[PDB]
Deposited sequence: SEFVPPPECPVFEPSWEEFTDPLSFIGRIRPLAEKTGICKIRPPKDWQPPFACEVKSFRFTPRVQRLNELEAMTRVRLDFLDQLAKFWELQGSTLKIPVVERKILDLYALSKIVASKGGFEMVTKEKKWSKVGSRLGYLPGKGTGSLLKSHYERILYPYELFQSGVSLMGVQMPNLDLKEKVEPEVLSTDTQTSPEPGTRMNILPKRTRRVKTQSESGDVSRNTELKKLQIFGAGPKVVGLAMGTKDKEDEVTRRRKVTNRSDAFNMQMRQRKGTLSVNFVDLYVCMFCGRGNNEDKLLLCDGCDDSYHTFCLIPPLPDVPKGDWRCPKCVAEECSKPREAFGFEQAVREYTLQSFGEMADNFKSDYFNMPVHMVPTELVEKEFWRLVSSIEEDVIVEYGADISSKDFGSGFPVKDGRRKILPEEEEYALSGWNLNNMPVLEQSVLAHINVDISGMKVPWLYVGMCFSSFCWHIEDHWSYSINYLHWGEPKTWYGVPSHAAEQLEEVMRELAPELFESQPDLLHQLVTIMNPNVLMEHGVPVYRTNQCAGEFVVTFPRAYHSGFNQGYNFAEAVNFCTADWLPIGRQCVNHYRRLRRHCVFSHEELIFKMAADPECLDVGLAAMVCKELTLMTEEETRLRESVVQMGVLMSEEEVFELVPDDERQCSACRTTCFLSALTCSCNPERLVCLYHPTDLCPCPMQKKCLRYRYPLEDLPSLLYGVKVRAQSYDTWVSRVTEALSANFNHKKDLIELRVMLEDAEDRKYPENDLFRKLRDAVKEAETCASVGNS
């Protein structure tokens, strides 16, 4: 019944192309940009050793119930739709909480609580921890008593409402032991050896199982695992280990996912002044039918994923230009609601069968990922997938010159939502502008083109606020304050260039796009806490316009200045020798 989408493109680069990835990825950008994803086969000689010891490697597994893996059931969406219209009636503007790194499933919660008599019944029996069990929350961190706090605040009033009249008050594992499980589970499922079952067949059953209520299937996986804490699958020179010379080659490779975000073409190469969690690889131990839902990268960055070993990983990709198109259809399932909760769209995981997205007009490609193959993902490329069997993957985000203007657009879209930013785009660019040397030229040229657009937009904002009647201007240094203190009250953007603070509260800030929502205290008072007093326009644009127009002139001892100034040497140095 299932309809395999058209396969995504592959690249078998020569050893000479394989030497600078971000330069090799730039080549294939105009082409892969249109499939969203792209597979990459390295030379067959390229076989790095696995640095980790399977037999002594423990991880905490997460569970997946493919039936309730889709969160966008009709019943859940309408449930939430009703719950909000209830609180809008009561004038509270429903707030969805977060628990153990992710949103709470209120539908699931209310269903269960009522399955055992409700709030006061459960309270007078102390089964809140049994609740967190069935909701997949890891004990014994106190989740039980935490849900009670959220239920009573959000659901018990609806419980009474949804109930009779009832309203008077009140209100306001080891990898080794893991393969043994999977390779037994797979075979006993299809009754075959695991390396013998075709891919196309498993793809069929997976999508079958999701929507099949006729049978329930449980599967385990392990994801979002830090390399820092568990170790990478690649060899790296960090003092943990005497490094063999056999491995020396692969430890310095730029295709070692521990070296990517540091390359002179990456953005984070010299800005090791703000940790993000996105300059450090992650580990994804996979099992048959283990699935990840449709998603994009924080700040719309590239993703790159290597499959160290194991059975294949099935992908599904969607190009960038079809992103707004992609979101529109998932939103069609509850328009009234996603108006109230725009970002709740993304807070909800979903595996929308591609056929549907295809029969709604959305480009969908796919590939099977195999041991030793890279999968590269592009900005705003929604992607999903599952794994054919036991395997082990390692993934990293990264950012390139072409990404800069997109990140700027992503904030503007994060600001038009209520979404926190993992770092300040604007902050980043100036950190790059503060060391124009040792900085790849393509960035410089793009930065300038990007930075003037910001100065104008900022100066426009700097003048739009004084008419509103402010007089004082303190100077503050944001890069040294924690993000949670430099965010706007309702944006909620990480502010770095300029914000507005009054004496109404000690530390309560707002973005210059929402200067009114700070506090009713009139703009008569202060304060425009700024960072640079518009003497920056000359200074910093100079250092970068220099190396941006020093290379523009250099082309039109010359082979020496390109050595000292650290210029690229692909086609232009070829004429040298």
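Gaps in the model relative to the deposited sequence occur at 1, 174-350, 735-754, 776-790, listed in sequence order.
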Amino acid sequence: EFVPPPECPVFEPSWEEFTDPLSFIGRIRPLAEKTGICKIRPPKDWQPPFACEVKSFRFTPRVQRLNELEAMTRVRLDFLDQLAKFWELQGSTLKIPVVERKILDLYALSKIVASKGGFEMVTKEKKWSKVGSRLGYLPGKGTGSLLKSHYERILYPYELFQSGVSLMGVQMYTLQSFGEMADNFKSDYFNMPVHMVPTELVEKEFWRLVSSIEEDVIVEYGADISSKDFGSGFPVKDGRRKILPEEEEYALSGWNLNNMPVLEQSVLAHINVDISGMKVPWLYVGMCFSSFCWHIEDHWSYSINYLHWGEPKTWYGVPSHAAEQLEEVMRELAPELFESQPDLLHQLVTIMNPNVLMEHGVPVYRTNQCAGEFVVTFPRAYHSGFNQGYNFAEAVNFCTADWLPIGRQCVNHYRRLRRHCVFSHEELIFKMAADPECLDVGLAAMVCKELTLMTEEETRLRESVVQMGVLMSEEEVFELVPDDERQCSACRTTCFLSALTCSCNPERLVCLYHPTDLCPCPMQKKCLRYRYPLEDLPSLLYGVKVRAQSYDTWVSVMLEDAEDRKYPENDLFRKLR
From here on, numbers count along this sequence of modelled residues.
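Taking only CA atoms, the mean B-factor in the PDB entry is higher for 508-516 than for the other of 42-50 and 508-516. Here 77-85 and 115-123 are compared by their mean Cα B-factor, and 115-123 comes out higher. Remark: of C410, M358, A251, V477, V477 shows the highest value [criterion: C-alpha B-factor in the PDB entry]. Remark: of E327, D229, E485, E152, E485 shows the highest value [criterion: C-alpha B-factor in the PDB entry]. In the PDB entry, a CA B factor belonging to the middle third of its chain's modelled residues is recorded for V3. In the PDB entry, a CA B factor belonging to the lowest third of its chain's modelled residues is recorded for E33. For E17, the recorded CA B-factor ranks within the middle third of the chain. Only modelled residues enter the ranking. Looking at the C-alpha B-factors along this chain, the one for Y137 belongs to the highest third. Compared with the other modelled residues of the chain, the Cα B-factor recorded for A401 ranks in the lowest third.
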